[PDB]
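Just so you know, all these numbers are worked out from the coordinates, no wet-lab data involved. Here the Cβ positions follow ideal geometry from the backbone for every residue, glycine too, while neighbour counts run over all protein chains shown.
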Amino acid sequence: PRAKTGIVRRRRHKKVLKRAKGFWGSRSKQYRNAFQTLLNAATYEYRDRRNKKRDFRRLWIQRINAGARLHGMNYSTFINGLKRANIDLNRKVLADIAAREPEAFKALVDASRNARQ
Amino acid sequence: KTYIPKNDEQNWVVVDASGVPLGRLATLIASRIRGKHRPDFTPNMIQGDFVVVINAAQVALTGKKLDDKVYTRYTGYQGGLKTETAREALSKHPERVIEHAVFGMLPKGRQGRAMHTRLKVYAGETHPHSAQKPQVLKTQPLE
Amino acid sequence: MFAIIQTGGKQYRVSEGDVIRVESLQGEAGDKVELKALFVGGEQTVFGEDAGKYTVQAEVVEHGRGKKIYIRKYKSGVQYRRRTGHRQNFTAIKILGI
Amino acid sequence: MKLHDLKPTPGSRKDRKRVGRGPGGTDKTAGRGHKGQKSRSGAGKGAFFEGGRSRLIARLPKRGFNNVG
Amino acid sequence: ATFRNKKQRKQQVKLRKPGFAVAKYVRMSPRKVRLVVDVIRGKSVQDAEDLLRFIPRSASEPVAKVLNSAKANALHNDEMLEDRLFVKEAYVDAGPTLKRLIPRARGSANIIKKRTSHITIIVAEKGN
Amino acid sequence: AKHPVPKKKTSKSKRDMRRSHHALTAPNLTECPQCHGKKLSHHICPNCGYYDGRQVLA
RNA sequence: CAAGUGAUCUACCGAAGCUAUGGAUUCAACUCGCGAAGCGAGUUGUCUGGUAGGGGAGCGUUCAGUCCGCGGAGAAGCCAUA
RNA sequence: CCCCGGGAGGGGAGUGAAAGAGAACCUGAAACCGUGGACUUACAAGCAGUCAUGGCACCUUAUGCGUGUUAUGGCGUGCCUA
Ligand SMILES: [Mg+2]
Ligand SMILES: [Mg+2]
Ligand SMILES: [Mg+2]
Ligand SMILES: [Mg+2]
Ligand SMILES: [Mg+2]
Ligand SMILES: [Mg+2]
Ligand SMILES: [Mg+2]
Ligand SMILES: [Mg+2]
Ligand SMILES: [Mg+2]
Ligand SMILES: [Mg+2]
Ligand SMILES: [Mg+2]
Ligand SMILES: [Mg+2]
Ligand SMILES: [Mg+2]
Ligand SMILES: [Mg+2]
Ligand SMILES: [Mg+2]
Ligand SMILES: [Mg+2]
Ligand SMILES: [Mg+2]
Ligand SMILES: [Mg+2]
Ligand SMILES: [Mg+2]
Ligand SMILES: [Mg+2]
Ligand SMILES: [Mg+2]
Ligand SMILES: [Mg+2]
Ligand SMILES: [Mg+2]
Ligand SMILES: [Mg+2]
Ligand SMILES: [Mg+2]
Ligand SMILES: [Mg+2]
Ligand SMILES: [Mg+2]
Ligand SMILES: [Mg+2]
C-alpha cells in the first residue's frame with residue numbers, strides 16, 4: 001500500500017505559520033523561514049526566561065539605593081545595616097515598594113543606620 | 001507587580017560649574033538627567049531632569065589637560081578630516097566641552113539621544129529659563 | 001503592599017486572594033497562619049521580629065494550574081531541538097489576618 | 001472471544017528501525033558516522049595482509065558411525 | 001430573519017450584488033489598469049466618466065465600459081438614483097496569463113507573459 | 001552571463017517603496033461654456049467643436 | 001581636587017555554581033494488589049550538558065480483520081480559534 | 001426575455017434542493033496580486049527575534065483574561081553541510 005504525505009505536512013506547516021503571527025516579511029508567511037526564525041527564537045526564549053530575574057534584581061537594586069541615597073545612605077550601606085539588624089530578610093522587590101511608601105523606608109534607613117553605629 | 005509610575009513631573013535644576021573638574025560635574029549631570037536619583041522606576045521612561053549648566057566657561061581642567069585634551073572630529077571627506085581642537089579652544093564654544101562630556105556618560109540609543117534634549121548649557125552666569133525657576137544643586141554626595 | 005515574597009509572605013494587603021506555590025492544605029482547610037516581616041496594618045509598622053510577634057491568617061481558596069508553557073531548547077549546527085510542555089501548580093489563598 | 005481482545009504476548013513483537021526520519025533519533029547520517037560508508041557494500045572476511053594466510057595440512061575423506069552410549 | 005439550517009437559507013435567500021459589475025478576462029496587465037482605476041475611485045460617477053474621457057491610457061477604455069455596467073445595473077436591476085451614484089469601490093485583479101515563448105540570441109528561448117485583468121467596479125448612492 | 005546582476009530579490013516592501021511615485025494625475029477638466037460638456041483647457045471642446053466660435057465638425 | 005598605583009581592612013554587586021519553594025524523569029531500597037516474575041503505583045536517598053553511536057517508551061499516515069458507531073437537520077477535505 | 005457593451009464580460013429574470021452547480025462549470029490549500037478596516041511609522045544603524053513595561057483596540061475555547069497592534073528599554077552573530 002501507498003501512503004503519500006497527504007494531510008500531515010500541511011498541518012505541521014500551518015502550526016509553524018501560526019506561531020509566526022507578527023513576524024516581518026517572509027518570516028511570517030513562508031514556512032522555511034518561519035521555522036528557522038523559531039529556532040533562533042527558542043534560543044532567545046529559554047535564555048530570557050533565565051535573564052528576566054537578573055533584570056528585576058537590577059531594577060529593585062536601582063530603586064533601593066536611590067531611596068537609600070535620599071537619606072544619606074547607599075545600597076551597600078543600607079542593605080548591610082538592614083542585614084545586621086536581626087536580619088530583616090525583606091526581598092529586594094519588597095524594599096522597592098517601600099520606596100513607594102517613603103515614611104517606612106525612612107524608618108528602615110534609621111534602623112539600618114542604628115545596627116551600624 | 002512592580003510599580004511603574006506615570007510622570008507628570010518636570011524637574012528643572014541649576015548646576016554651577018565654576019572650578020568643578022569637568023568629568024566630575026559631568027558625571028553629576030549625567031546621573032541627574034538619566035534618572036538614578038530618586039527611585040529610578042522604569043528604565044523605559046526618560047523621567048530624569050532638565051539641567052541648566054551655567055558658567056560653563058569657568059570649568060576647571062585639573063592637570064596638563066587644558067592643552068593636552070584634543071577633541072577630535074571626522075568630516076565625511078577622505079581628504080584628511082579629523083580636525084582637532086585644544087579644549088583650550090573651549091574659548092571657541094565652551095558649552096560644547098560640557099555638552100560633550102555629558103553625552104559621553106549617557107546611553108547611546110534612541111532614548112539617549114532623546115535625553116540630550118534635557119541639557120541646557122550657558123557659558124556665562126546667566127540663563128533665560130527663569131520661567132521654570134530651577135532648584136539649585138550642590139555638587140557632591142556624602143558617604 | 002502585601003508580599004508573597006519568595007514562598008511565605010509578610011505584607012499588609014488585608015482581604016484578597018493571591019497565588020502561591022502550593023500547600024497540600026485541602027480545600028479551604030488550610031487556614032494557613034503567617035509569619036510577618038513587616039506590614040502596615042494601621043499606618044504604624046515595624047520589622048525587628050516585632051513583626052514576628054504579629055501574624056496574618058489566610059483562608060485557602062483553591063488549588064490551580066498555571067498557564068501552559070513550552071520549554072524550548074536549541075543549539076546551532078548540531079541538530080538538537082527540544083520541545084517539552086510544562087505548567088506549575090499553585091494554591092490561591094484569601095487573606096484576613098491581623 | 002474478543003478478536004479485538006486478542007493480545008500478542010508482550011515481548012515477541014518489536015518495532016523495526018526506521019532509520020532516516022528526524023533528529024528525534026538517528027538523524028542525518030543513518031547510524032554510519034560520516035565515512036567511507038556508502039551504499040554498494042563490499043567485504044566480510046577481508047583485509048589486505050590477509051592473515052588467515054597460515055598453512056594447511058590436508059586430507060580429503062571421512063566416514064563415521066552412529067553413536068549409541 | 002433567522003433561519004435554522006443552511007439549505008433553507010440557501011433556497012430562500014438568493015443574495016445579490018447591488019451596483020456591481022465585472023469585466024473578466026480583459027487582455028491588459030493589472031498594473032496599468034490599476035493606474036487608471038486608482039484615479040477613478042471614490043469619485044462622483046459623472047467625474048468618473050469625465051476623467052475617463054480625458055485620461056490618455058489604453059486602459060481607460062475597458063475601465064470606462066465597466067464603469068457603465070455598474071451605473072446600468074444600479075439603475076435598471078437595482079432601482080437606484082443615477083443623480084446620486086458614486087464609485088463606492090473599484091479594483092483590478094489578475095486573470096489567467098497567455099504565456100508565449102519568444103526567440104532570443106544564440107539559441108535560447110524565453111517566456112513573455114501577456115497578462116489579463118478582472119476589472120470590477122461597484123457604485124452606490126453616496127449619502128452621508 | 002550578464003556582467004551586472006542583482007544580488008538578493010527585492011522585498012515586497014521596498015518594491016512598492018519605489019513605486020510611491022507612479023500615481024497618475026487626473027486631468028484638470030473644465031465645463032465647456034456652450035456645449036455643456038467637459039473639455040481640456042486651451043483645447044477645443046470635443047463635444048461641440050467650439051473654441052469661442054466653432055472650428056471643428058460636429 | 002585619582003576614577004593611576006604598593007600594602008592593608010572591610011561593606012556591597014555579580015553566574016544556568018550554592019540555596020528556598022514547587023514539580024517531573026533515571027537508578028536503588030522499603031510498602032502493597034497478585035498466584036508468577038513484573039506491571040500500576042506510594043516514601044525516602046539519589047540522578048538528570050552533549051556530536052558520532054548504543055538503549056527505552058511513545059506520537060502520526062495509508063491499507064486489512066473485529067468491535068462500536070456517526071452521516072443530507074450534512075460525512076471527509078478546507079478555514080479561524082485565547 | 002430584459003439591461004451596459006462592436007464583442008468579450010457581466011447584472012437581473014427564469015429552471016433547480018442548490019446558480020454559495022452556469023458550461024474558464026466538485027472541493028479549491030499555498031506561494032503570488034489586490035481592495036477595505038484596526039494599530040502604526042518621515043533623527044533612524046537593522047539575522048529582524050526575545051524578554052519587560054506603557055499606550056491604543058476587540059471580547060464566541062474570552063474581562064484578569066487575555067487577544068491584536070504598538071512605543072521604549074534590555075538581550076541577541078540566519079539554516080544546513082563540512
Ligand atoms: Mg541568579
Ligand atoms: Mg549561532
Ligand atoms: Mg560542531
Ligand atoms: Mg533509537
Ligand atoms: Mg555527509
Ligand atoms: Mg550503488
Ligand atoms: Mg425556487
Ligand atoms: Mg537560430
Ligand atoms: Mg543548580
Ligand atoms: Mg527541590
Ligand atoms: Mg522522588
Ligand atoms: Mg548537570
Ligand atoms: Mg542527557
Ligand atoms: Mg453539516
Ligand atoms: Mg478514504
Ligand atoms: Mg442580449
Ligand atoms: Mg452576454
Ligand atoms: Mg457565482
Ligand atoms: Mg461551487
Ligand atoms: Mg483557473
Ligand atoms: Mg465566462
Ligand atoms: Mg464564457
Ligand atoms: Mg457531486
Ligand atoms: Mg471549482
Ligand atoms: Mg481609502
Ligand atoms: Mg492596507
Ligand atoms: Mg520620530
Ligand atoms: Mg523592539
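For region B:1-141, averaging the sequence separation of C-alpha pairs within contact (under 8 Å, six or more residues apart) and dividing by the residue count gives a relative contact order of 35 percent.
Only sites in a loop by DSSP and with at most 13 other Cβ atoms within 10 Å count here; which trypsin sites (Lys or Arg not before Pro) in region C:1-71 make the cut? Walk me through the numbers before you get to the answer.
Details: sites: C:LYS10, C:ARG13, C:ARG21, C:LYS32, C:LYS36, C:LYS53, C:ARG65, C:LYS67, C:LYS68; in loops: C:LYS10, C:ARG13, C:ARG21, C:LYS36, C:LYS53, C:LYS67, C:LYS68.
Passing sites in region C:1-71 are C:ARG21, C:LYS53, C:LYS67, C:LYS68.
Rounded to the nearest 20, the Cβ-based charge dipole of the protein assembly as shown about its Cα centre (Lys and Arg +1, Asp and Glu -1) stands at 7020 debye.
Label point of E:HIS76 set 7 angstrom out along Cα-Cβ; within region E:50-66, amide nitrogens under 18 Å from it belong to E:64-66. Phi angles of region B:132-143 translate, via the Karplus equation with coefficients 6.51, -1.76, 1.60 and θ = phi - 60°, into HN-Hα couplings of 9, 3, x, 6, 6, 10, 8, 9, 8, x, 10, 5 Hz per residue; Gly and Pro are given as x.
Using the Karplus relation 6.51 cos²θ - 1.76 cosθ + 1.60 with θ = phi - 60°, the per-residue 3J(HN,Hα) values for region B:14-31 come to 10, 9, 7, 10, 4, x, 6, x, 4, x, 6, 4, 4, 5, 5, 5, 5, 5 Hz, with x marking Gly and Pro. Within a straight-line Cα-Cα reach of under 28 Å, B:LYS82 can be paired with the following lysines, leaving aside sequence neighbours fewer than 8 residues apart in one chain: B:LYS64, B:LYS65, B:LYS69, B:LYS92, B:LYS108, B:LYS120. Residues E:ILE119, A:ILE97, C:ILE20, ranked from the fewest to the most other C-beta atoms within 10 Å, line up as C:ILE20, A:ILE97, E:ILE119.
Going by a ≥ b ≥ c, the root eigenvalues of the Cα gyration tensor, does the protein assembly as shown fall in the rounded group (a/c under 1.5), the prolate group (a/b larger than b/c) or the oblate group? Here the protein assembly as shown falls in the oblate category. Site pair E:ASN5 and E:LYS113 shows an inter-label distance of 4.6 nm when each label is modelled 7 Å from Cα along Cα→Cβ. Between E:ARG41 and A:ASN80, the modelled label-to-label distance comes to 6.9 nm, taking each label 7 Å out from Cα in the direction of the beta carbon. Candidate cross-link partners of C:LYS32 among the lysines, defined by an alpha-carbon separation under 30 Å and a same-chain spacing of 8 or more, comprise A:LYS53, A:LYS83, A:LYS92, B:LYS1, C:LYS10, C:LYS53, C:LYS67, C:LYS68, C:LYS94.
Computed about the Cα centre, the dipole magnitude for chain F is approximately 1020 debye when only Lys and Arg (+1) and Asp and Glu (-1) carry charge, each at its Cβ. Say the dipole of chain E comes from +1 at the beta carbon of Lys and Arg and -1 at that of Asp and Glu; which of E:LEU98, E:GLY127, E:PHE54 then lies farthest toward its positive end? Result: E:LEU98.
Of the trypsin sites (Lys or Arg not before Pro) found in region A:1-94, the ones in coil according to DSSP and having at most 16 other Cβ atoms within 10 Å of their Cβ are A:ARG2, A:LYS4, A:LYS21, A:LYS29. A:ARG54 to B:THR27: FRET efficiency via 1/(1 + (r/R0)^6), r the Cβ-Cβ distance, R0 25 Å, to the nearest 0.05? For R0 = 25 Å, the calculated efficiency reads 0.50.
Relative to the Cα centre, the charge distribution of chain E, modelled as +1 at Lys and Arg Cβ and -1 at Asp and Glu Cβ, gives a dipole magnitude of about 1160 debye. Projecting the Cα positions of F:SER20, E:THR116, A:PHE78 onto the charge dipole of the protein assembly as shown (unit charges on Cβ atoms of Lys, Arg, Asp and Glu, taken about the Cα centre) puts E:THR116 furthest along the positive direction.
How high is the FRET efficiency between C:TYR80 and F:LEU57 when r is their beta carbon distance and R₀ equals 51 Å, given to the nearest 0.05?
0.05
Evaluate the relative contact order of chain E (contact order divided by residue number), counting alpha-carbon pairs under 8 angstrom at least 6 apart; express in whole percent. 37 percent.
The residues neighbouring C:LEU25, those whose beta-carbon lies less than 14 Å from its own, together hold a net charge of -3 under the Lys/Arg +1, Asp/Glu -1 convention. Coupling constants for region D:2-16 follow from the phi torsions by the Karplus curve (6.51 cos²θ - 1.76 cosθ + 1.60, θ = phi - 60°), and in residue order they are 7, 4, 5, 9, 5, 10, x, 4, x, x, 6, 5, 9, 6, 6 Hz; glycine and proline get x. Going toward the positive end of the dipole of chain A, with +1 on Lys and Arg Cβ and -1 on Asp and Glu Cβ, which of A:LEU94, A:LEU17, A:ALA3 do you reach last? Toward the positive end, the furthest listed residue is A:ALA3. Taking amide hydrogens as placed 1.01 Å from N in the peptide plane, the amide H of F:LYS38 sits under 5 Å from those of F:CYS32, each at least 5 positions away in sequence or on another chain.
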